[PDB]
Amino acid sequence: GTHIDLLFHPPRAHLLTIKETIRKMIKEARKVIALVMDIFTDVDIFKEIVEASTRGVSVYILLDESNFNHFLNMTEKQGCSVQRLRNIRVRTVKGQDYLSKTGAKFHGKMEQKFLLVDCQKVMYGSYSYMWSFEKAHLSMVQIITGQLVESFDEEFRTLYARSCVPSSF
């Protein structure tokens, strides 16, 4: 009871691009959007998310901690104060703590990305929401429906519990 389609960028034998399919999923959302992403600088996908939030959709966004200031800078350059949108909550996730060769204390990255809409559909894969994924790289995603969506829901809730208010806020 799980169904899976594959999409690629650049595209193959499918009608829509990965980015057009991301916009579609966000426009179709009626209740909740849950996003986990490492780098988020795409202005067009951000605008879709904000519009969803003005419609009354609750939006929860989990970003990798090291790269967060790239997202904040984009929203500021768009003249948005993302802090003030009540229907969106943005929080950061760190990787593991570790000691380097020299004994310094660092943390790694959250290498996870997926979009979960209305607890019924997931896009999961290697596509990051930034210009380099449009113009420079090859990538792929899965569009997932059915029972496996519950597992993504559970994982989102576990990451949300770990996540923190961004230090920049």
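If you superpose the two forms and keep the largest set of C-alpha atoms that fall within 1.5 Å, you have the rigid core. When you see a residue number, it is the position in the sequence shown, counting from 1.
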By Cα RMS to this form in 8 other deposited structures of this protein after fitting the core, the stretch ranking higher of 33 to 41 and 129 to 137 is 129 to 137
With the rigid core as the fit anchor, does 67 to 75 or 90 to 98 show bigger C-alpha shifts in 8 other deposited structures of this protein? 90 to 98
Quick check on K47: across the other compared entries (only those modelling residues on both sides), is it unmodelled in a third or more? no
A104 dropped from a third or more of the other entries of this protein: yes
Going by the B-factors listed in the PDB entry, is the mean over the C-alpha atoms higher for 101 to 109 or for 31 to 39? 101 to 109
Comparing 58 to 66 with 130 to 138, which has the greater mean CA B-factor as deposited? 130 to 138
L16 CA temperature factor, ranked by third within the chain: middle
Would you mind checking where the Cα B-factor of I49 ranks among the modelled residues of its chain, as the lowest, middle or highest third? middle
